[PDB]
>>> print(open('data38.txt').read())   # compact mmCIF, C-alpha atoms and all ligand atoms
# COMPACT_ATOMS: atom_id res chain seq x y z
CA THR M 1 0.00 0.00 0.00
CA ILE M 2 1.23 3.49 -0.83
CA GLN M 3 1.28 6.73 1.17
CA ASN M 4 -1.69 8.65 -0.22
CA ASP M 5 -1.22 11.90 1.69
CA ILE M 6 2.39 12.83 0.97
CA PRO M 7 3.08 15.43 -1.77
CA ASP M 8 2.64 14.39 -5.42
CA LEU M 9 6.23 14.35 -6.67
CA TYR M 10 5.70 16.11 -10.00
CA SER M 11 3.75 18.95 -8.37
CA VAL M 12 6.90 20.04 -6.54
CA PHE M 13 8.45 20.71 -9.95
CA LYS M 14 5.49 22.27 -11.73
CA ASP M 15 7.43 25.50 -12.32
CA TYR M 16 10.45 23.68 -13.75
CA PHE M 17 9.58 20.62 -15.82
CA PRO M 18 7.38 17.51 -15.90
CA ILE M 19 8.51 14.52 -13.83
CA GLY M 20 7.99 11.16 -15.52
CA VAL M 21 8.45 7.44 -15.00
CA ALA M 22 9.08 4.36 -17.12
CA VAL M 23 6.39 1.71 -16.80
CA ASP M 24 5.49 -1.92 -17.57
CA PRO M 25 2.06 -2.49 -19.20
CA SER M 26 1.23 -5.11 -16.57
CA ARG M 27 1.38 -2.54 -13.76
CA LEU M 28 -1.42 -0.19 -14.81
CA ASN M 29 -4.51 -1.66 -13.12
CA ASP M 30 -6.36 0.69 -10.75
CA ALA M 31 -6.00 -1.72 -7.82
CA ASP M 32 -2.28 -2.26 -8.44
CA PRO M 33 -0.16 -0.32 -5.91
CA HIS M 34 2.49 0.35 -8.57
CA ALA M 35 -0.16 1.97 -10.77
CA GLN M 36 -1.36 4.03 -7.81
CA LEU M 37 2.18 5.28 -7.25
CA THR M 38 2.47 6.04 -10.98
CA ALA M 39 -0.71 8.13 -11.19
CA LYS M 40 0.00 9.95 -7.94
CA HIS M 41 3.56 11.11 -8.47
CA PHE M 42 4.10 11.54 -12.18
CA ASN M 43 2.70 13.66 -14.99
CA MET M 44 4.80 12.03 -17.73
CA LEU M 45 5.15 8.38 -18.80
CA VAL M 46 7.55 6.31 -20.88
CA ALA M 47 7.34 2.67 -21.96
CA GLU M 48 10.24 0.84 -20.32
CA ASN M 49 10.05 -1.81 -23.08
CA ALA M 50 6.73 -1.77 -24.94
CA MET M 51 7.82 0.70 -27.64
CA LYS M 52 11.21 -0.82 -28.45
CA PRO M 53 11.65 -2.27 -31.95
CA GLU M 54 11.19 -5.94 -31.01
CA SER M 55 8.13 -4.97 -29.00
CA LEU M 56 6.49 -3.23 -31.95
CA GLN M 57 7.50 -5.30 -35.00
CA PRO M 58 8.64 -8.79 -33.88
CA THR M 59 8.53 -10.20 -37.41
CA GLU M 60 8.46 -8.19 -40.66
CA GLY M 61 5.13 -6.50 -41.28
CA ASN M 62 3.67 -7.96 -38.08
CA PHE M 63 3.12 -4.97 -35.79
CA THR M 64 2.18 -5.51 -32.15
CA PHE M 65 1.00 -2.21 -30.64
CA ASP M 66 -1.34 -3.53 -27.93
CA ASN M 67 1.01 -3.09 -24.95
CA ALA M 68 2.20 0.31 -26.16
CA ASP M 69 -1.40 1.43 -26.69
CA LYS M 70 -2.34 0.24 -23.20
CA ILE M 71 0.32 2.57 -21.80
CA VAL M 72 -0.82 5.40 -24.07
CA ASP M 73 -4.46 4.94 -23.00
CA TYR M 74 -3.36 5.04 -19.37
CA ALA M 75 -1.37 8.24 -19.99
CA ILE M 76 -4.39 9.89 -21.60
CA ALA M 77 -6.66 8.80 -18.74
CA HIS M 78 -4.29 10.41 -16.23
CA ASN M 79 -3.50 13.57 -18.20
CA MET M 80 0.15 12.60 -18.58
CA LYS M 81 2.50 13.48 -21.41
CA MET M 82 4.77 10.78 -22.86
CA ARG M 83 8.19 10.16 -24.36
CA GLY M 84 8.52 7.55 -27.09
CA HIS M 85 11.34 5.05 -26.47
CA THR M 86 12.80 4.15 -28.92
CA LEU M 87 12.91 3.94 -32.74
CA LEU M 88 16.42 2.47 -33.06
CA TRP M 89 18.80 0.64 -30.73
CA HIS M 90 21.27 -2.26 -30.90
CA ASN M 91 19.40 -4.26 -28.26
CA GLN M 92 15.79 -5.48 -28.32
CA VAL M 93 15.67 -5.19 -32.10
CA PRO M 94 14.74 -8.32 -34.12
CA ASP M 95 17.40 -10.11 -36.14
CA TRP M 96 15.17 -10.03 -39.24
CA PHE M 97 15.97 -6.34 -39.76
CA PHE M 98 19.56 -7.22 -40.54
CA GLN M 99 19.05 -10.35 -42.60
CA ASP M 100 18.69 -10.85 -46.35
CA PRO M 101 15.16 -12.34 -46.48
CA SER M 102 16.07 -14.60 -49.41
CA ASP M 103 19.25 -15.81 -47.68
CA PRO M 104 19.16 -15.24 -43.88
CA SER M 105 22.80 -16.34 -43.74
CA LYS M 106 23.67 -13.03 -45.42
CA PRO M 107 23.17 -9.45 -44.23
CA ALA M 108 20.60 -7.05 -45.60
CA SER M 109 21.96 -4.37 -47.93
CA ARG M 110 22.29 -0.70 -46.99
CA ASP M 111 19.22 0.13 -49.09
CA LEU M 112 17.14 -2.69 -47.65
CA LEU M 113 18.02 -1.87 -44.04
CA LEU M 114 17.31 1.82 -44.66
CA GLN M 115 13.94 1.00 -46.24
CA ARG M 116 13.11 -1.20 -43.26
CA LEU M 117 14.12 1.57 -40.87
CA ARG M 118 11.98 4.05 -42.78
CA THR M 119 8.98 1.70 -42.76
CA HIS M 120 9.37 0.94 -39.06
CA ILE M 121 9.72 4.58 -38.02
CA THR M 122 6.93 5.74 -40.32
CA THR M 123 4.53 2.99 -39.28
CA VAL M 124 5.23 3.58 -35.60
CA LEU M 125 4.69 7.34 -35.77
CA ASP M 126 1.71 7.01 -38.15
CA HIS M 127 0.14 4.50 -35.75
CA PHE M 128 0.02 6.90 -32.83
CA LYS M 129 -0.94 9.86 -34.99
CA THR M 130 -3.80 8.03 -36.72
CA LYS M 131 -5.13 6.19 -33.68
CA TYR M 132 -4.89 9.01 -31.14
CA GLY M 133 -4.75 12.16 -33.24
CA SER M 134 -4.77 15.36 -31.20
CA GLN M 135 -4.95 13.23 -28.04
CA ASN M 136 -1.57 11.57 -28.73
CA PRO M 137 0.32 12.22 -25.46
CA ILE M 138 3.74 11.51 -26.96
CA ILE M 139 5.64 14.78 -27.26
CA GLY M 140 8.83 13.33 -28.65
CA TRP M 141 10.88 10.25 -29.48
CA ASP M 142 14.32 8.88 -28.77
CA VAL M 143 14.96 8.42 -32.50
CA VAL M 144 18.29 6.69 -31.92
CA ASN M 145 19.46 5.18 -28.66
CA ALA M 146 23.02 4.58 -27.39
CA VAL M 147 24.76 5.03 -30.73
CA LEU M 148 28.12 5.89 -29.16
CA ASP M 149 30.55 3.38 -27.68
CA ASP M 150 32.50 3.75 -24.41
CA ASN M 151 35.33 5.57 -26.19
CA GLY M 152 33.11 8.06 -27.97
CA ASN M 153 33.37 6.38 -31.36
CA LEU M 154 30.21 5.30 -33.16
CA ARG M 155 29.09 1.97 -31.71
CA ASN M 156 29.73 -0.77 -34.28
CA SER M 157 26.20 -2.16 -34.28
CA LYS M 158 24.67 -3.90 -37.29
CA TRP M 159 23.19 -0.51 -38.21
CA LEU M 160 26.70 0.96 -38.58
CA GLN M 161 28.10 -2.17 -40.21
CA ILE M 162 25.45 -2.43 -42.91
CA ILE M 163 24.61 1.22 -43.62
CA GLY M 164 27.52 3.33 -42.52
CA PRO M 165 27.71 6.46 -40.31
CA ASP M 166 24.79 8.28 -41.92
CA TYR M 167 22.22 5.82 -40.59
CA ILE M 168 21.74 8.26 -37.70
CA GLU M 169 20.91 11.21 -39.97
CA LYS M 170 18.57 8.96 -41.94
CA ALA M 171 16.65 7.90 -38.82
CA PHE M 172 16.01 11.54 -37.88
CA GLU M 173 15.05 12.37 -41.46
CA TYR M 174 12.49 9.56 -41.55
CA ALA M 175 11.03 10.46 -38.16
CA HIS M 176 10.77 14.15 -39.00
CA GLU M 177 8.98 13.40 -42.26
CA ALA M 178 6.58 10.99 -40.55
CA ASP M 179 5.54 13.47 -37.85
CA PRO M 180 7.00 17.00 -37.74
CA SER M 181 5.12 17.70 -34.50
CA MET M 182 7.41 15.33 -32.59
CA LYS M 183 10.52 16.55 -30.76
CA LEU M 184 13.38 14.28 -31.93
CA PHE M 185 16.05 13.12 -29.48
CA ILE M 186 19.36 11.27 -29.56
CA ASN M 187 19.55 9.41 -26.22
CA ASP M 188 22.58 8.01 -24.41
CA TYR M 189 24.21 7.03 -21.13
CA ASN M 190 27.50 8.15 -19.55
CA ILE M 191 27.34 11.46 -21.43
CA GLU M 192 26.86 13.11 -18.02
CA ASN M 193 30.40 12.24 -16.86
CA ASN M 194 32.15 15.03 -18.83
CA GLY M 195 34.52 12.50 -20.36
CA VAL M 196 35.31 11.42 -23.91
CA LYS M 197 31.75 10.23 -24.47
CA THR M 198 30.29 13.62 -23.49
CA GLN M 199 32.65 15.30 -25.94
CA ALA M 200 31.74 12.78 -28.64
CA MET M 201 28.02 13.42 -28.21
CA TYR M 202 28.66 17.14 -28.41
CA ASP M 203 30.76 16.73 -31.57
CA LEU M 204 28.22 14.43 -33.22
CA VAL M 205 25.21 16.63 -32.58
CA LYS M 206 27.10 19.76 -33.59
CA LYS M 207 28.05 18.10 -36.86
CA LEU M 208 24.60 16.74 -37.65
CA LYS M 209 22.71 19.89 -36.69
CA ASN M 210 25.06 21.99 -38.81
CA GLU M 211 24.24 19.63 -41.69
CA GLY M 212 20.54 20.30 -41.23
CA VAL M 213 19.60 17.06 -39.45
CA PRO M 214 16.37 17.68 -37.51
CA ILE M 215 17.67 16.89 -34.02
CA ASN M 216 15.70 18.80 -31.39
CA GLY M 217 17.29 17.52 -28.23
CA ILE M 218 19.69 15.27 -26.39
CA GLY M 219 18.45 12.73 -23.88
CA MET M 220 20.88 12.11 -21.02
CA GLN M 221 19.84 8.72 -19.61
CA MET M 222 21.48 9.61 -16.32
CA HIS M 223 21.98 6.06 -15.08
CA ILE M 224 24.21 7.51 -12.38
CA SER M 225 25.75 5.92 -9.32
CA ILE M 226 26.18 6.67 -5.64
CA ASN M 227 29.69 7.86 -6.57
CA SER M 228 28.76 10.17 -9.46
CA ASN M 229 30.29 13.65 -9.46
CA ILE M 230 27.79 16.52 -9.56
CA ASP M 231 30.42 18.86 -11.00
CA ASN M 232 30.87 16.58 -14.01
CA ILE M 233 27.12 16.34 -14.56
CA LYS M 234 26.82 20.14 -14.45
CA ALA M 235 29.69 20.56 -16.92
CA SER M 236 28.12 17.97 -19.25
CA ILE M 237 24.71 19.63 -19.22
CA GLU M 238 26.29 23.00 -19.96
CA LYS M 239 28.42 21.66 -22.80
CA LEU M 240 25.59 19.77 -24.48
CA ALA M 241 23.16 22.66 -23.92
CA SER M 242 25.47 25.03 -25.82
CA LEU M 243 24.31 23.33 -29.03
CA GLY M 244 20.90 24.96 -28.82
CA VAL M 245 19.01 21.72 -28.25
CA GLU M 246 16.63 20.73 -25.44
CA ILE M 247 18.03 18.48 -22.76
CA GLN M 248 15.90 15.82 -21.10
CA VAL M 249 16.97 13.54 -18.23
CA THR M 250 15.47 10.35 -19.55
CA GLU M 251 16.23 7.27 -17.47
CA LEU M 252 17.29 8.51 -14.07
CA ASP M 253 18.25 5.99 -11.41
CA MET M 254 21.09 5.53 -8.96
CA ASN M 255 23.30 2.44 -8.88
CA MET M 256 24.26 1.80 -5.26
CA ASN M 257 27.01 -0.66 -6.15
CA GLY M 258 25.63 -3.26 -3.75
CA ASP M 259 25.44 -1.00 -0.70
CA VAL M 260 21.80 -0.57 0.32
CA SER M 261 22.58 0.17 3.96
CA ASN M 262 20.82 2.93 5.88
CA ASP M 263 23.99 5.05 5.67
CA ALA M 264 24.01 4.59 1.90
CA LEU M 265 20.37 5.66 1.69
CA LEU M 266 21.28 8.90 3.49
CA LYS M 267 24.16 9.49 1.08
CA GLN M 268 21.75 8.77 -1.76
CA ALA M 269 19.37 11.42 -0.40
CA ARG M 270 22.12 14.05 -0.27
CA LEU M 271 23.21 13.23 -3.84
CA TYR M 272 19.68 13.26 -5.25
CA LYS M 273 19.12 16.60 -3.53
CA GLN M 274 22.20 18.09 -5.16
CA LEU M 275 21.16 16.56 -8.47
CA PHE M 276 17.71 18.11 -8.49
CA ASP M 277 19.06 21.46 -7.30
CA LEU M 278 21.26 21.31 -10.40
CA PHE M 279 18.35 20.36 -12.65
CA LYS M 280 16.27 23.25 -11.30
CA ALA M 281 19.20 25.61 -11.80
CA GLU M 282 19.34 24.44 -15.43
CA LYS M 283 15.61 24.73 -16.11
CA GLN M 284 16.28 26.96 -19.12
CA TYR M 285 17.65 23.83 -20.84
CA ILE M 286 15.99 20.82 -19.21
CA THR M 287 12.45 20.12 -20.39
CA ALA M 288 11.77 16.81 -18.62
CA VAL M 289 13.15 14.51 -15.91
CA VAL M 290 12.11 10.85 -16.04
CA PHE M 291 12.92 8.05 -13.57
CA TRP M 292 13.68 4.59 -14.96
CA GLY M 293 11.19 2.61 -12.90
CA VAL M 294 8.38 3.20 -10.40
CA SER M 295 9.99 1.70 -7.29
CA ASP M 296 13.10 -0.22 -6.24
CA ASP M 297 11.43 -3.64 -6.48
CA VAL M 298 10.76 -3.19 -10.21
CA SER M 299 14.10 -1.61 -11.14
CA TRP M 300 16.01 -3.15 -14.06
CA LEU M 301 19.25 -3.12 -12.05
CA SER M 302 20.43 -6.44 -10.61
CA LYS M 303 20.04 -7.06 -6.88
CA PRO M 304 20.83 -5.91 -4.35
CA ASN M 305 19.79 -2.36 -5.29
CA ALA M 306 17.84 0.71 -4.11
CA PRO M 307 18.00 3.10 -7.11
CA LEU M 308 14.84 5.20 -6.92
CA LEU M 309 12.79 7.49 -4.66
CA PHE M 310 10.37 4.76 -3.58
CA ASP M 311 11.58 1.55 -1.94
CA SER M 312 10.76 -2.13 -2.44
CA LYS M 313 7.71 -1.64 -0.20
CA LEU M 314 6.62 1.35 -2.31
CA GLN M 315 7.37 3.78 0.53
CA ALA M 316 9.01 7.18 0.10
CA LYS M 317 12.74 6.97 0.82
CA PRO M 318 15.04 9.60 2.37
CA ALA M 319 15.81 10.80 -1.16
CA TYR M 320 12.14 11.60 -1.74
CA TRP M 321 11.95 13.80 1.33
CA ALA M 322 15.27 15.49 0.53
CA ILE M 323 13.92 16.57 -2.86
CA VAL M 324 10.42 17.59 -1.78
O1 LIG M 401 18.08 3.09 -23.16
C1 LIG M 401 18.34 1.83 -22.51
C2 LIG M 401 17.06 1.33 -21.87
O2 LIG M 401 16.10 1.01 -22.88
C3 LIG M 401 17.35 0.08 -21.05
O3 LIG M 401 16.12 -0.34 -20.44
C4 LIG M 401 16.18 -1.72 -20.04
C5 LIG M 401 16.32 -2.61 -21.27
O4 LIG M 401 16.35 -3.98 -20.86
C6 LIG M 401 15.12 -4.38 -20.24
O5 LIG M 401 15.23 -5.75 -19.84
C7 LIG M 401 14.81 -6.65 -20.87
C8 LIG M 401 13.29 -6.68 -20.92
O6 LIG M 401 12.86 -7.62 -21.92
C9 LIG M 401 13.27 -8.95 -21.59
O7 LIG M 401 12.77 -9.86 -22.58
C10 LIG M 401 14.78 -9.04 -21.53
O8 LIG M 401 15.16 -10.36 -21.11
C11 LIG M 401 15.31 -8.04 -20.52
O9 LIG M 401 16.75 -8.03 -20.52
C12 LIG M 401 14.88 -3.55 -18.99
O10 LIG M 401 13.59 -3.89 -18.46
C13 LIG M 401 14.89 -2.07 -19.33
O11 LIG M 401 14.80 -1.31 -18.12
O12 LIG M 401 18.32 0.40 -20.03
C14 LIG M 401 19.56 0.77 -20.64
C15 LIG M 401 19.39 2.05 -21.44
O13 LIG M 401 20.64 2.36 -22.08
>>> encode(input="data38.txt", output="structure tokens", more="lines below")
Ligand SMILES: O[C@@H]1[C@@H](O)[C@H](O[C@@H]2CO[C@@H](O[C@@H]3CO[C@@H](O)[C@H](O)[C@H]3O)[C@H](O)[C@H]2O)OC[C@H]1O
Amino acid sequence: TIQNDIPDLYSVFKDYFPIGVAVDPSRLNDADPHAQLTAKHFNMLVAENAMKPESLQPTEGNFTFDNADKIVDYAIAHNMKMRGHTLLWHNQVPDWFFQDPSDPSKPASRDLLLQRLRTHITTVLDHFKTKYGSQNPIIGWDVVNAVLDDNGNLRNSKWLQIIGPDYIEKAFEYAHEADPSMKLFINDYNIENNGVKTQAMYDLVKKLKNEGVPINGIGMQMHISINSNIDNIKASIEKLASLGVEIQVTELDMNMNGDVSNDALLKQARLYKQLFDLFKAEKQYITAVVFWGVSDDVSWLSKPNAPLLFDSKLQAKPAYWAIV
């Protein structure tokens, strides 16, 4: 059971930006405590998995939008906005995309993979536009996800192998043509550490935007840890924001590195407080902050963990009170 009388999390940030959460379609029933927590504290939703490529087109031409639509319906019912995650990634994408259909032992050509990407992106965006119309809660999409490797080079996924470096520009082009009302984002992790990957994201977006690619913003996943440096996060936000794009904190959670002790929870609270003070200070750039999971018990991180503001019993943690 949840705490019904404590402050609604997102309301505390009404003058800064919406506060969202990533959800599972199986946790949306009115009597489900996770759903109650979702509707109470957030005014933005994201599909943790239901809108990924494999979740939308498991086999070629066979689109499965039921779970995604269930989340969209829920968002509409609770007056929540949504982020679309994600049109392209190297994980949770079916092998068929990259295979020659007449000889699955061979790879698809650059033209065939591009056509498939175009069809996927266009069908996905057209689905939400045609089914929901003006009521579509999705305000933007992570057009490409995690396209950089640890060293800042372009990740050598099958997309890069088969098409080449311009597959990124093509994805944005296809999304923009399908629905110009959508804000288009390039999303990634570790770009908040002000290291080589932050610089690489900055260089890539600067290059593409200067070439006319319709990139509207950068999503900083923010899968931080109990040892993350606030100064580096601030420097990263400033650097990326200098490109004239929106910044959204898209998959916020805190890896405790196995230490879920009471002392660690207090340290977590202090860090989350500093983090949100930073976000508020940077409100002229940040247009959304989304947590990757409703509560600790449903977090994607391996156990033991305590990454969010609500614990495994769905109760507000010290971090929640520090921020509110
Ligand atoms: O942007 C990335 C996120 O999308 C990513 O989210 C996690 C992706 O893996 C999910 O776990 C899979 C769910 O589907 C099952 O069939 C698989 O067996 C699981 O591995 C997890 O639920 C998401 O939270 O996190 C990393 C980000 O870079």
>>> residues_near_ligand(input="data38.txt", ligand="ligand LIG 401 (chain M)", cutoff="7 Å", atoms="only C-alpha atoms and all ligand atoms", output="list in words")
residues 48, 49, 145, 146, 188, 189, 221, 292 and 300 of chain M
>>> closest_atom_pairs(input="data38.txt", of="range 132-222 of chain M", to="range 50-57 of chain M", cutoff="12 Å", atoms="all atoms listed in the file", output="CSV")
residue,atom,partner,partner_atom,distance
M:138,CA,M:51,CA,11.6
M:141,CA,M:51,CA,10.2
M:142,CA,M:52,CA,10.2
M:143,CA,M:52,CA,10.8
M:144,CA,M:52,CA,10.9
M:145,CA,M:52,CA,10.2
>>> closest_atom_pairs(input="data38.txt", of="range 116-195 of chain M", to="range 225-230 of chain M", cutoff="10 Å", atoms="only C-alpha atoms", output="CSV")
residue,atom,partner,partner_atom,distance
M:192,CA,M:230,CA,9.2
M:193,CA,M:229,CA,7.5
M:194,CA,M:229,CA,9.7
>>> residues_around(input="data38.txt", residues="range 263-275 of chain M", least_positions_apart="2", cutoff="7 Å", atoms="only C-alpha atoms", output="VMD selection string")
chain M and resid 226 230 259 to 261 277 to 279 318 to 319 322 to 323
>>> closest_residue(input="data38.txt", among="M:253, M:60, M:179, M:5", to="residue 133 in chain M", atoms="all atoms listed in the file")
M:179
>>> atom_distance(input="data38.txt", atom1="CA of residue 120 in chain M", atom2="CA of residue 290 in chain M")
25.2 Å
>>> residues_around(input="data38.txt", residues="residue 96 in chain M", least_positions_apart="5", cutoff="12 Å", atoms="all atoms listed in the file", output="PyMOL selection string")
chain M and resi 53-54+57-62+101-108+112-113+116-117+158
>>> atom_distance(input="data38.txt", atom1="CA of residue 213 in chain M", atom2="CA of residue 182 in chain M")
14.1 Å
>>> atom_distance(input="data38.txt", atom1="CA of residue 155 in chain M", atom2="CA of residue 91 in chain M")
12.0 Å
>>> axis_aligned_box(input="data38.txt", around="range 197-206 of chain M", padding_each_side="6 Å", output="JSON")
{"center_x": 28.9, "center_y": 15.0, "center_z": -28.5, "size_x": 19.4, "size_y": 21.5, "size_z": 22.1}
>>> closest_residue(input="data38.txt", among="M:132, M:185, M:291, M:10", to="residue 84 in chain M", atoms="only C-alpha atoms")
M:185
>>> closest_residue(input="data38.txt", among="M:110, M:223, M:234, M:197", to="residue 170 in chain M", atoms="all atoms listed in the file")
M:110
>>> residues_around(input="data38.txt", residues="residue 21 in chain M", least_positions_apart="3", cutoff="8 Å", atoms="all atoms listed in the file", output="list in words")
residues 38, 42, 44, 45, 46, 290, 291, 292, 293 and 294 of chain M
>>> build_atoms(input="data38.txt", residues="range 280-298 of chain M", atoms="N, CA and C atoms", output="PDB file, in the frame of the given file")
ATOM      1  N   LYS M 280      17.078  22.038 -11.421  1.00  0.00           N
ATOM      2  CA  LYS M 280      16.270  23.250 -11.300  1.00  0.00           C
ATOM      3  C   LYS M 280      17.059  24.472 -11.751  1.00  0.00           C
ATOM      4  N   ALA M 281      18.345  24.498 -11.422  1.00  0.00           N
ATOM      5  CA  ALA M 281      19.200  25.610 -11.800  1.00  0.00           C
ATOM      6  C   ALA M 281      19.340  25.689 -13.321  1.00  0.00           C
ATOM      7  N   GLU M 282      19.214  24.539 -13.979  1.00  0.00           N
ATOM      8  CA  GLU M 282      19.340  24.440 -15.430  1.00  0.00           C
ATOM      9  C   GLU M 282      18.005  24.315 -16.154  1.00  0.00           C
ATOM     10  N   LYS M 283      16.944  24.814 -15.534  1.00  0.00           N
ATOM     11  CA  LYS M 283      15.610  24.730 -16.110  1.00  0.00           C
ATOM     12  C   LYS M 283      15.471  25.374 -17.484  1.00  0.00           C
ATOM     13  N   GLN M 284      16.360  26.304 -17.816  1.00  0.00           N
ATOM     14  CA  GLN M 284      16.280  26.960 -19.120  1.00  0.00           C
ATOM     15  C   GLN M 284      16.664  25.986 -20.242  1.00  0.00           C
ATOM     16  N   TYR M 285      17.239  24.844 -19.872  1.00  0.00           N
ATOM     17  CA  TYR M 285      17.650  23.830 -20.840  1.00  0.00           C
ATOM     18  C   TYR M 285      16.881  22.513 -20.710  1.00  0.00           C
ATOM     19  N   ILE M 286      16.670  22.082 -19.472  1.00  0.00           N
ATOM     20  CA  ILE M 286      15.990  20.820 -19.210  1.00  0.00           C
ATOM     21  C   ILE M 286      14.477  20.925 -19.331  1.00  0.00           C
ATOM     22  N   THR M 287      13.896  20.079 -20.176  1.00  0.00           N
ATOM     23  CA  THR M 287      12.450  20.120 -20.390  1.00  0.00           C
ATOM     24  C   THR M 287      11.684  18.914 -19.857  1.00  0.00           C
ATOM     25  N   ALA M 288      12.395  17.996 -19.199  1.00  0.00           N
ATOM     26  CA  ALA M 288      11.770  16.810 -18.620  1.00  0.00           C
ATOM     27  C   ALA M 288      12.777  16.012 -17.814  1.00  0.00           C
ATOM     28  N   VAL M 289      12.308  15.392 -16.734  1.00  0.00           N
ATOM     29  CA  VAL M 289      13.150  14.510 -15.910  1.00  0.00           C
ATOM     30  C   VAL M 289      12.311  13.253 -15.686  1.00  0.00           C
ATOM     31  N   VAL M 290      12.828  12.112 -16.134  1.00  0.00           N
ATOM     32  CA  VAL M 290      12.110  10.850 -16.040  1.00  0.00           C
ATOM     33  C   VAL M 290      12.914   9.812 -15.270  1.00  0.00           C
ATOM     34  N   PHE M 291      12.263   9.113 -14.336  1.00  0.00           N
ATOM     35  CA  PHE M 291      12.920   8.050 -13.570  1.00  0.00           C
ATOM     36  C   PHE M 291      12.727   6.706 -14.266  1.00  0.00           C
ATOM     37  N   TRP M 292      13.777   5.884 -14.289  1.00  0.00           N
ATOM     38  CA  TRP M 292      13.680   4.590 -14.960  1.00  0.00           C
ATOM     39  C   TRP M 292      13.140   3.496 -14.036  1.00  0.00           C
ATOM     40  N   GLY M 293      11.842   3.582 -13.763  1.00  0.00           N
ATOM     41  CA  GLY M 293      11.190   2.610 -12.900  1.00  0.00           C
ATOM     42  C   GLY M 293      10.382   3.288 -11.811  1.00  0.00           C
ATOM     43  N   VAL M 294       9.277   2.656 -11.420  1.00  0.00           N
ATOM     44  CA  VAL M 294       8.380   3.200 -10.400  1.00  0.00           C
ATOM     45  C   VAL M 294       8.891   3.082  -8.962  1.00  0.00           C
ATOM     46  N   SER M 295       9.489   1.940  -8.637  1.00  0.00           N
ATOM     47  CA  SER M 295       9.990   1.700  -7.290  1.00  0.00           C
ATOM     48  C   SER M 295      11.134   0.692  -7.334  1.00  0.00           C
ATOM     49  N   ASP M 296      11.931   0.653  -6.271  1.00  0.00           N
ATOM     50  CA  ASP M 296      13.100  -0.220  -6.240  1.00  0.00           C
ATOM     51  C   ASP M 296      12.871  -1.679  -6.620  1.00  0.00           C
ATOM     52  N   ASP M 297      11.746  -2.245  -6.191  1.00  0.00           N
ATOM     53  CA  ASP M 297      11.430  -3.640  -6.480  1.00  0.00           C
ATOM     54  C   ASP M 297      11.218  -3.967  -7.959  1.00  0.00           C
ATOM     55  N   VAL M 298      10.957  -2.951  -8.779  1.00  0.00           N
ATOM     56  CA  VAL M 298      10.760  -3.190 -10.210  1.00  0.00           C
ATOM     57  C   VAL M 298      11.868  -2.578 -11.059  1.00  0.00           C
TER      58      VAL M 298
END
